[PDB]
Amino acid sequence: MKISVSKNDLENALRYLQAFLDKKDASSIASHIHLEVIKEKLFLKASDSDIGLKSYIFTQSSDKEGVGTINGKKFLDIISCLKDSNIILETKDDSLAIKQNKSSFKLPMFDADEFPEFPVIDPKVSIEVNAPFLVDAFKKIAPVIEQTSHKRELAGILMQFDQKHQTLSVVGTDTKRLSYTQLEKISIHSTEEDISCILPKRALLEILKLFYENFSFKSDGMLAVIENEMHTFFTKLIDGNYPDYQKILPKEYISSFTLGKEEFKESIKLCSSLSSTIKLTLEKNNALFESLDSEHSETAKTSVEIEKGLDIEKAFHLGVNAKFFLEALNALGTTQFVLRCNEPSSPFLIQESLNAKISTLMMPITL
């Protein structure tokens, strides 16, 4: 109803909220942010059935407590064009006035009662995340997940909690490749020894913008609520049974090669100028790369020397998807990587030599 706020505090809060608004129809409440002034806090939220964010900023002054709404895109556009001095926000019946020095604006509010109730859960599982490993895993695994996947449970990331062993397993897949990590020594508070949540990709991406470390993750098996000092975020979970990835992962590998990450990146990028798939050939002191599904009369080839010789009898040949192989290497923190293989026709593994550590299993390309 009446306050002053810091321009930068307000702008930053509004930026984050943009992604939770349906902006195209400005006449719908789904384009508005809900506003609430109580004590010395402005609360801003945007949500619906699926997903939502609640944020707050401190008022520089507060004169009048109450509630309202405002078009979030328009609000952000106005504040962005203002100077750093404090901004006065003030209702005038069903209109919000915005003032700074000689500049003043009016926007219409809607009925705040039309705004969805921001949900709260009775948590069945809860963790406190005090380090970046979880978001690191999220970031490294996200590229393998197809948001528009036509199968529902593969459109999100698996979080598998084992309370008994204090581990959080995180898994993404598109059916051609599967990336995973298991995070150790996580103090999990749960009503069950084993429990699984599937977060939608859309939610995953939002979390990467909002959180880094020092946040809680809580779930009742229907919603996941993530919270820190300034923000409360929620998303609906995805219903199905995520693939048994432990069954999918091979038992052992016939061969394991320790290889140069950046040299393989460069070599693959290079051959991928003319194709999407590549023929890798490994010899004792050499790795050869050749474009595979290139159009005829178009070829790309290169090789790198392997100084510390491989354990090979003549030559191992492997067809690979370039993008997938690169994204697997991109997920690694080490200067070297381990490539574990069985037959050239069976899935192969990429992982770090010896933050989360993300491994990727991958289907090869034939011939």
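Take the two forms, find the largest set of C-alpha atoms that superpose within 1.5 Å, and that set is the rigid core. Residue numbers here begin at 1 and follow the sequence given.
In 5 other deposited structures of this protein, superposed on the rigid core, the segment with the larger root-mean-square CA displacement between 78-86 and 226-234 is 78-86. After superposing on the rigid core, the larger RMS C-alpha deviation in 5 other deposited structures of this protein belongs to 111-119, the other candidate being whichever of 217-225 and 111-119 remains. Coordinates are absent for 4 to 9 residues of the deposited sequence placed between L354 and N355. When the C-alpha B-factors of 85-93 and 257-265 are averaged, 85-93 comes out higher.
Mean CA B-factor, 300-308 versus 313-321: the higher value falls on 313-321.
Across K279, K185, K140, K73, the entry's maximum B-factor at the CA atom is seen for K185.
Of the candidates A287, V170, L249, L107, the one whose C-alpha carries the top B factor in the deposited record is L249.
Sort the modelled residues of the chain by CA B factor and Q336 lands in the lowest third. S55: CA B factor in the middle third of modelled residues in this chain (values from the PDB entry). Looking at the C-alpha B-factors along this chain, the one for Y180 belongs to the lowest third. Remark: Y242 belongs to the highest third of its chain, ranked by C-alpha B-factor as recorded. The entry lists a Cα temperature factor for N12 that places it in the middle third of the chain's modelled residues.
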